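Data block for protein38.tsv (TSV, N, CA and C atoms):
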chain	number	residue	atom	x	y	z
A	1	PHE	N	20.74	8.98	3.27
A	1	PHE	CA	20.39	10.39	3.06
A	1	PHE	C	21.30	11.04	2.01
A	2	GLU	N	21.20	10.53	0.79
A	2	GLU	CA	21.89	11.11	-0.35
A	2	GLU	C	21.02	10.96	-1.59
A	3	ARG	N	21.30	11.80	-2.59
A	3	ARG	CA	20.54	11.84	-3.83
A	3	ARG	C	21.42	11.40	-4.99
A	4	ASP	N	20.81	10.69	-5.94
A	4	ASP	CA	21.53	10.18	-7.10
A	4	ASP	C	20.59	10.15	-8.29
A	5	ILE	N	20.87	10.98	-9.30
A	5	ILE	CA	20.12	11.02	-10.55
A	5	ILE	C	21.13	10.76	-11.66
A	6	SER	N	21.19	9.53	-12.15
A	6	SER	CA	22.14	9.14	-13.18
A	6	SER	C	21.43	8.36	-14.27
A	7	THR	N	21.68	8.73	-15.52
A	7	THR	CA	21.14	8.02	-16.67
A	7	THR	C	22.20	7.22	-17.42
A	8	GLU	N	23.45	7.26	-16.96
A	8	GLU	CA	24.51	6.50	-17.61
A	8	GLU	C	24.36	5.01	-17.33
A	9	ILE	N	24.68	4.19	-18.33
A	9	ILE	CA	24.49	2.75	-18.23
A	9	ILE	C	25.59	2.15	-17.36
A	10	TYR	N	25.21	1.28	-16.43
A	10	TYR	CA	26.18	0.64	-15.55
A	10	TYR	C	26.64	-0.67	-16.16
A	11	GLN	N	27.94	-0.79	-16.41
A	11	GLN	CA	28.48	-1.97	-17.06
A	11	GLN	C	28.48	-3.16	-16.10
A	12	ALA	N	28.41	-4.36	-16.68
A	12	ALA	CA	28.41	-5.61	-15.92
A	12	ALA	C	29.29	-6.66	-16.59
A	13	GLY	N	30.34	-6.22	-17.28
A	13	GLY	CA	31.23	-7.14	-17.96
A	13	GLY	C	32.68	-6.70	-17.92
A	14	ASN	N	33.35	-6.76	-19.06
A	14	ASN	CA	34.75	-6.36	-19.18
A	14	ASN	C	34.96	-5.18	-20.11
A	15	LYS	N	34.24	-5.12	-21.22
A	15	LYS	CA	34.37	-4.00	-22.14
A	15	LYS	C	33.75	-2.74	-21.53
A	16	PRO	N	34.31	-1.57	-21.82
A	16	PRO	CA	33.75	-0.32	-21.28
A	16	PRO	C	32.42	0.04	-21.93
A	17	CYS	N	31.33	-0.12	-21.18
A	17	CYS	CA	29.99	0.21	-21.67
A	17	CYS	C	29.63	1.65	-21.29
A	18	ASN	N	30.19	2.60	-22.05
A	18	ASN	CA	29.83	4.00	-21.85
A	18	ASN	C	28.46	4.32	-22.45
A	19	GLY	N	28.17	3.80	-23.63
A	19	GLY	CA	26.90	4.08	-24.29
A	19	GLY	C	26.31	2.91	-25.03
A	20	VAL	N	26.96	1.75	-24.96
A	20	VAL	CA	26.53	0.55	-25.66
A	20	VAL	C	26.13	-0.49	-24.63
A	21	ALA	N	24.89	-0.98	-24.72
A	21	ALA	CA	24.38	-1.99	-23.82
A	21	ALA	C	23.48	-2.94	-24.59
A	22	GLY	N	23.35	-4.16	-24.08
A	22	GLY	CA	22.52	-5.17	-24.72
A	22	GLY	C	23.18	-6.53	-24.77
A	23	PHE	N	24.51	-6.56	-24.79
A	23	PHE	CA	25.25	-7.81	-24.82
A	23	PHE	C	25.58	-8.31	-23.41
A	24	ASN	N	26.30	-7.49	-22.63
A	24	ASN	CA	26.67	-7.88	-21.28
A	24	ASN	C	26.54	-6.74	-20.28
A	25	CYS	N	25.92	-5.62	-20.66
A	25	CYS	CA	25.76	-4.48	-19.78
A	25	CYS	C	24.28	-4.11	-19.69
A	26	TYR	N	23.84	-3.78	-18.48
A	26	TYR	CA	22.43	-3.59	-18.19
A	26	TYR	C	22.13	-2.14	-17.83
A	27	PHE	N	20.93	-1.69	-18.18
A	27	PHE	CA	20.48	-0.36	-17.76
A	27	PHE	C	20.15	-0.38	-16.27
A	28	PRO	N	20.64	0.58	-15.49
A	28	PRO	CA	20.44	0.54	-14.03
A	28	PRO	C	19.05	0.96	-13.57
A	29	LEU	N	18.15	1.34	-14.47
A	29	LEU	CA	16.82	1.81	-14.11
A	29	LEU	C	15.77	0.93	-14.77
A	30	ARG	N	14.73	0.58	-14.01
A	30	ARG	CA	13.64	-0.25	-14.51
A	30	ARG	C	12.32	0.31	-14.01
A	31	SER	N	11.25	-0.05	-14.71
A	31	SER	CA	9.92	0.49	-14.45
A	31	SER	C	9.15	-0.38	-13.46
A	32	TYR	N	8.20	0.25	-12.78
A	32	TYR	CA	7.30	-0.45	-11.88
A	32	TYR	C	6.10	-1.01	-12.64
A	33	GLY	N	5.41	-1.95	-12.00
A	33	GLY	CA	4.17	-2.48	-12.53
A	33	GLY	C	3.07	-2.49	-11.48
A	34	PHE	N	2.01	-1.71	-11.72
A	34	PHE	CA	0.93	-1.53	-10.75
A	34	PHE	C	-0.40	-1.79	-11.44
A	35	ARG	N	-0.84	-3.05	-11.43
A	35	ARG	CA	-2.14	-3.26	-12.06
A	35	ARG	C	-3.20	-3.58	-11.02
A	36	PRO	N	-4.44	-3.12	-11.23
A	36	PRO	CA	-5.53	-3.53	-10.34
A	36	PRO	C	-5.85	-5.02	-10.41
A	37	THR	N	-5.48	-5.69	-11.50
A	37	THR	CA	-5.70	-7.13	-11.61
A	37	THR	C	-4.65	-7.94	-10.86
A	38	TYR	N	-3.62	-7.30	-10.32
A	38	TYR	CA	-2.60	-7.99	-9.54
A	38	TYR	C	-3.14	-8.33	-8.15
A	39	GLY	N	-2.29	-8.94	-7.34
A	39	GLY	CA	-2.66	-9.28	-5.98
A	39	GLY	C	-2.69	-8.06	-5.07
A	40	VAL	N	-3.17	-8.30	-3.85
A	40	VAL	CA	-3.23	-7.24	-2.84
A	40	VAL	C	-1.83	-6.80	-2.43
A	41	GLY	N	-0.88	-7.73	-2.38
A	41	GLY	CA	0.49	-7.42	-2.06
A	41	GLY	C	1.30	-6.80	-3.17
A	42	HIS	N	0.69	-6.55	-4.33
A	42	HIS	CA	1.34	-5.92	-5.47
A	42	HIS	C	0.60	-4.64	-5.86
A	43	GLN	N	0.15	-3.89	-4.86
A	43	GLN	CA	-0.54	-2.63	-5.08
A	43	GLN	C	0.31	-1.47	-4.59
A	44	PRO	N	0.34	-0.36	-5.32
A	44	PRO	CA	1.19	0.77	-4.91
A	44	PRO	C	0.60	1.51	-3.72
A	45	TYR	N	1.46	1.86	-2.77
A	45	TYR	CA	1.09	2.72	-1.65
A	45	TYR	C	1.88	4.02	-1.72
A	46	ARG	N	1.20	5.13	-1.46
A	46	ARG	CA	1.82	6.45	-1.46
A	46	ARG	C	2.37	6.68	-0.06
A	47	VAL	N	3.65	6.37	0.12
A	47	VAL	CA	4.30	6.42	1.43
A	47	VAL	C	5.02	7.76	1.58
A	48	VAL	N	4.96	8.32	2.78
A	48	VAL	CA	5.61	9.58	3.11
A	48	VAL	C	6.31	9.43	4.45
A	49	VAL	N	7.49	10.04	4.58
A	49	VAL	CA	8.31	9.90	5.77
A	49	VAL	C	8.10	11.12	6.66
B	1	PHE	N	-7.72	-6.55	27.82
B	1	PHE	CA	-8.70	-7.29	28.63
B	1	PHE	C	-9.86	-6.39	29.07
B	2	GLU	N	-10.32	-5.53	28.16
B	2	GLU	CA	-11.44	-4.64	28.42
B	2	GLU	C	-12.41	-4.74	27.25
B	3	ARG	N	-13.55	-5.38	27.48
B	3	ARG	CA	-14.59	-5.47	26.46
B	3	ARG	C	-15.29	-4.12	26.32
B	4	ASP	N	-15.44	-3.66	25.09
B	4	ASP	CA	-16.01	-2.35	24.81
B	4	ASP	C	-17.03	-2.44	23.68
B	5	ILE	N	-17.96	-1.49	23.67
B	5	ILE	CA	-18.98	-1.38	22.63
B	5	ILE	C	-18.96	0.05	22.11
B	6	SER	N	-19.15	0.20	20.79
B	6	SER	CA	-19.10	1.51	20.15
B	6	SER	C	-20.13	1.55	19.03
B	7	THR	N	-21.10	2.47	19.15
B	7	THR	CA	-22.11	2.66	18.11
B	7	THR	C	-22.26	4.15	17.83
B	8	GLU	N	-21.87	4.98	18.79
B	8	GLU	CA	-22.03	6.43	18.69
B	8	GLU	C	-21.06	7.00	17.64
B	9	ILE	N	-21.39	8.21	17.18
B	9	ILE	CA	-20.70	8.81	16.04
B	9	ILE	C	-19.41	9.47	16.51
B	10	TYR	N	-18.30	9.10	15.88
B	10	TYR	CA	-17.01	9.71	16.18
B	10	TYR	C	-16.84	11.01	15.40
B	11	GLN	N	-16.14	11.96	16.02
B	11	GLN	CA	-15.94	13.28	15.44
B	11	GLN	C	-14.45	13.56	15.28
B	12	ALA	N	-14.12	14.33	14.25
B	12	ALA	CA	-12.74	14.71	13.95
B	12	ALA	C	-12.55	16.22	14.06
B	13	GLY	N	-13.17	16.82	15.06
B	13	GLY	CA	-13.05	18.25	15.25
B	13	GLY	C	-13.69	18.68	16.55
B	14	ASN	N	-13.68	20.00	16.76
B	14	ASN	CA	-14.24	20.59	17.98
B	14	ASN	C	-15.72	20.94	17.84
B	15	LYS	N	-16.31	20.75	16.67
B	15	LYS	CA	-17.72	21.04	16.49
B	15	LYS	C	-18.57	19.98	17.20
B	16	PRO	N	-19.76	20.36	17.68
B	16	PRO	CA	-20.63	19.37	18.33
B	16	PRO	C	-21.20	18.38	17.32
B	17	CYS	N	-21.03	17.09	17.62
B	17	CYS	CA	-21.48	16.04	16.70
B	17	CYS	C	-21.72	14.78	17.52
B	18	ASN	N	-22.99	14.42	17.71
B	18	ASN	CA	-23.36	13.20	18.41
B	18	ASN	C	-24.05	12.18	17.51
B	19	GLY	N	-24.86	12.63	16.55
B	19	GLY	CA	-25.48	11.73	15.60
B	19	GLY	C	-25.63	12.34	14.23
B	20	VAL	N	-24.92	13.44	13.97
B	20	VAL	CA	-25.10	14.20	12.74
B	20	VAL	C	-24.20	13.62	11.65
B	21	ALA	N	-24.79	13.36	10.49
B	21	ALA	CA	-24.08	12.86	9.32
B	21	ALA	C	-24.03	13.94	8.24
B	22	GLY	N	-23.47	13.58	7.09
B	22	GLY	CA	-23.31	14.55	6.02
B	22	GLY	C	-22.20	15.55	6.25
B	23	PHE	N	-21.27	15.24	7.14
B	23	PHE	CA	-20.18	16.15	7.49
B	23	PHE	C	-18.93	15.30	7.69
B	24	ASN	N	-17.91	15.89	8.32
B	24	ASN	CA	-16.66	15.19	8.60
B	24	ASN	C	-16.80	14.11	9.67
B	25	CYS	N	-17.93	14.02	10.36
B	25	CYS	CA	-18.17	12.97	11.33
B	25	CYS	C	-18.23	11.62	10.62
B	26	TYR	N	-17.44	10.66	11.10
B	26	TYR	CA	-17.29	9.36	10.45
B	26	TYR	C	-17.86	8.27	11.34
B	27	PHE	N	-18.52	7.29	10.73
B	27	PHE	CA	-19.01	6.14	11.47
B	27	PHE	C	-17.84	5.25	11.86
B	28	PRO	N	-17.72	4.85	13.13
B	28	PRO	CA	-16.53	4.10	13.56
B	28	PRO	C	-16.61	2.61	13.30
B	29	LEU	N	-17.57	2.17	12.50
B	29	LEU	CA	-17.73	0.76	12.17
B	29	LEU	C	-17.79	0.57	10.66
B	30	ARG	N	-17.35	-0.60	10.21
B	30	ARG	CA	-17.37	-0.95	8.79
B	30	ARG	C	-17.61	-2.45	8.67
B	31	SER	N	-18.25	-2.84	7.57
B	31	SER	CA	-18.65	-4.23	7.37
B	31	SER	C	-17.57	-5.01	6.64
B	32	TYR	N	-17.20	-6.16	7.19
B	32	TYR	CA	-16.27	-7.06	6.53
B	32	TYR	C	-16.92	-7.70	5.31
B	33	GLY	N	-16.22	-7.68	4.18
B	33	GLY	CA	-16.68	-8.38	3.00
B	33	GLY	C	-15.90	-9.66	2.77
B	34	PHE	N	-16.49	-10.80	3.11
B	34	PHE	CA	-15.82	-12.09	3.01
B	34	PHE	C	-16.16	-12.71	1.66
B	35	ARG	N	-15.23	-12.60	0.72
B	35	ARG	CA	-15.42	-13.11	-0.63
B	35	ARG	C	-14.25	-14.00	-1.02
B	36	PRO	N	-14.49	-15.01	-1.86
B	36	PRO	CA	-13.37	-15.85	-2.34
B	36	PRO	C	-12.45	-15.15	-3.32
B	37	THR	N	-12.84	-13.98	-3.85
B	37	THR	CA	-12.00	-13.29	-4.82
B	37	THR	C	-10.77	-12.64	-4.17
B	38	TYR	N	-10.78	-12.44	-2.86
B	38	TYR	CA	-9.62	-11.93	-2.13
B	38	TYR	C	-8.93	-13.13	-1.49
B	39	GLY	N	-7.88	-13.63	-2.15
B	39	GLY	CA	-7.19	-14.81	-1.65
B	39	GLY	C	-6.46	-14.58	-0.34
B	40	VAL	N	-5.75	-13.46	-0.23
B	40	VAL	CA	-4.95	-13.18	0.96
B	40	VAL	C	-5.44	-11.88	1.59
B	41	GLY	N	-5.95	-10.97	0.76
B	41	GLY	CA	-6.25	-9.62	1.23
B	41	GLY	C	-7.40	-9.55	2.22
B	42	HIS	N	-8.47	-10.31	1.97
B	42	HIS	CA	-9.63	-10.29	2.85
B	42	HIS	C	-10.24	-11.69	2.86
B	43	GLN	N	-10.01	-12.44	3.94
B	43	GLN	CA	-10.46	-13.81	4.04
B	43	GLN	C	-10.80	-14.08	5.50
B	44	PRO	N	-11.89	-14.79	5.78
B	44	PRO	CA	-12.19	-15.17	7.17
B	44	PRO	C	-11.17	-16.17	7.70
B	45	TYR	N	-10.91	-16.07	9.00
B	45	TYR	CA	-9.97	-16.97	9.67
B	45	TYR	C	-10.55	-17.42	11.00
B	46	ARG	N	-10.19	-18.63	11.40
B	46	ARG	CA	-10.68	-19.23	12.64
B	46	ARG	C	-9.66	-19.00	13.75
B	47	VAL	N	-9.50	-17.74	14.13
B	47	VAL	CA	-8.52	-17.35	15.14
B	47	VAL	C	-9.18	-17.32	16.51
B	48	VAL	N	-8.53	-17.96	17.48
B	48	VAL	CA	-8.99	-17.98	18.87
B	48	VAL	C	-7.78	-17.74	19.77
B	49	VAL	N	-7.89	-16.77	20.67
B	49	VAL	CA	-6.82	-16.41	21.59
B	49	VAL	C	-6.97	-17.21	22.88
Give the structure from the file, written as C-alpha cells.
Amino acid sequence: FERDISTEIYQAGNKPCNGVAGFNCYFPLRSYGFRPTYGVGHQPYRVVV
Amino acid sequence: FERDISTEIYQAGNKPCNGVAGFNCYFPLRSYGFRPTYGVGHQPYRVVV
C-alpha cells in the first residue's frame, strides 16, 4: 500500500547511471503487449480491488 | 449432489419477468463452442467424477 512514480533510470552496474543507459544500466519501466492474436492466457483483464 | 434443471428466464431486478426478452432479463444458458482454434481456452475434455 504505497505509491511510486519514478522516471529515473535504475543502474545495474558500477558507474553512476544518473542519465546514461544502454551499456550496463536498464530502464525500470517496460510496456505491455496485448494482442488478440495471442493466446487466451495473454489477454488483458480489467481488474479492480 | 443435487441434480437441477433450468430453462426459465433469470431476472436482475425487482420487475416482473418470467419469459420477457429485450430487457435486462438474461438467459441463464449458453452454448459451448468446441473448436480446434482454442488450444487451451475452450476445448472439450473427458472428465468423469
Stretch 29-40 of chain B environment, 8 Å, only N, CA and C atoms, sequence neighbours closer than 6 positions dropped, as a list in words: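 Residues near the query, excluding close chain neighbours: residues 39, 40 and 41 of chain A; 6, 7, 8 and 10 of chain B.
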Output N, CA and C atoms for every residue in that selection, as an mmCIF file, in the coordinates of the input.
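Below is the file that was written, out_37.cif:
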data_model
loop_
_atom_site.group_PDB
_atom_site.id
_atom_site.type_symbol
_atom_site.label_atom_id
_atom_site.label_comp_id
_atom_site.auth_asym_id
_atom_site.auth_seq_id
_atom_site.Cartn_x
_atom_site.Cartn_y
_atom_site.Cartn_z
ATOM 1 N N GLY A 39 -2.290 -8.940 -7.340
ATOM 2 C CA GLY A 39 -2.660 -9.280 -5.980
ATOM 3 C C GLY A 39 -2.690 -8.060 -5.070
ATOM 4 N N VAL A 40 -3.170 -8.300 -3.850
ATOM 5 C CA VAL A 40 -3.230 -7.240 -2.840
ATOM 6 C C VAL A 40 -1.830 -6.800 -2.430
ATOM 7 N N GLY A 41 -0.880 -7.730 -2.380
ATOM 8 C CA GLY A 41 0.490 -7.420 -2.060
ATOM 9 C C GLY A 41 1.300 -6.800 -3.170
ATOM 10 N N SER B 6 -19.150 0.200 20.790
ATOM 11 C CA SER B 6 -19.100 1.510 20.150
ATOM 12 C C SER B 6 -20.130 1.550 19.030
ATOM 13 N N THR B 7 -21.100 2.470 19.150
ATOM 14 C CA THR B 7 -22.110 2.660 18.110
ATOM 15 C C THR B 7 -22.260 4.150 17.830
ATOM 16 N N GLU B 8 -21.870 4.980 18.790
ATOM 17 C CA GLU B 8 -22.030 6.430 18.690
ATOM 18 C C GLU B 8 -21.060 7.000 17.640
ATOM 19 N N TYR B 10 -18.300 9.100 15.880
ATOM 20 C CA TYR B 10 -17.010 9.710 16.180
ATOM 21 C C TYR B 10 -16.840 11.010 15.400
#
Cα RMSD of chain A after least-squares fit onto chain B, all atoms paired in order: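 Result: 1.4 Å C-alpha RMSD.
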For residue B:25, find every residue with an atom within 8 Å (counting only N, CA and C atoms), except residues of its own chain fewer than 3 positions away, and show them as a compact mmCIF listing (two decimals) with N, CA and C atoms, keeping the file's coordinate frame.
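out-v9.txt, written as the output of this step:
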# COMPACT_ATOMS: atom_id res chain seq x y z
N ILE B 9 -21.39 8.21 17.18
CA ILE B 9 -20.70 8.81 16.04
C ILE B 9 -19.41 9.47 16.51
N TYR B 10 -18.30 9.10 15.88
CA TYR B 10 -17.01 9.71 16.18
C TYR B 10 -16.84 11.01 15.40
N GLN B 11 -16.14 11.96 16.02
CA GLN B 11 -15.94 13.28 15.44
C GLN B 11 -14.45 13.56 15.28
N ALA B 12 -14.12 14.33 14.25
CA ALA B 12 -12.74 14.71 13.95
C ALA B 12 -12.55 16.22 14.06
N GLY B 13 -13.17 16.82 15.06
CA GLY B 13 -13.05 18.25 15.25
C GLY B 13 -13.69 18.68 16.55
N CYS B 17 -21.03 17.09 17.62
CA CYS B 17 -21.48 16.04 16.70
C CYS B 17 -21.72 14.78 17.52
N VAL B 20 -24.92 13.44 13.97
CA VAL B 20 -25.10 14.20 12.74
C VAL B 20 -24.20 13.62 11.65
N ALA B 21 -24.79 13.36 10.49
CA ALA B 21 -24.08 12.86 9.32
C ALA B 21 -24.03 13.94 8.24
N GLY B 22 -23.47 13.58 7.09
CA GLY B 22 -23.31 14.55 6.02
C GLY B 22 -22.20 15.55 6.25
N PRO B 28 -17.72 4.85 13.13
CA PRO B 28 -16.53 4.10 13.56
C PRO B 28 -16.61 2.61 13.30
Computed interatomic separation between atom CA of residue B:26 and atom C of residue B:3 (Å):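 One can read the atom CA of residue B:26 to atom C of residue B:3 distance as 20.9 Å.
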Atomic distance atom CA of residue A:48 - atom N of residue A:1, expressed in Å with one decimal: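 It comes out at 15.1 Å.
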Counting only N, CA and C atoms, the option among B:4, B:14, B:49, B:42 closest to chain A: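 Smallest distance to chain A is found for B:42.
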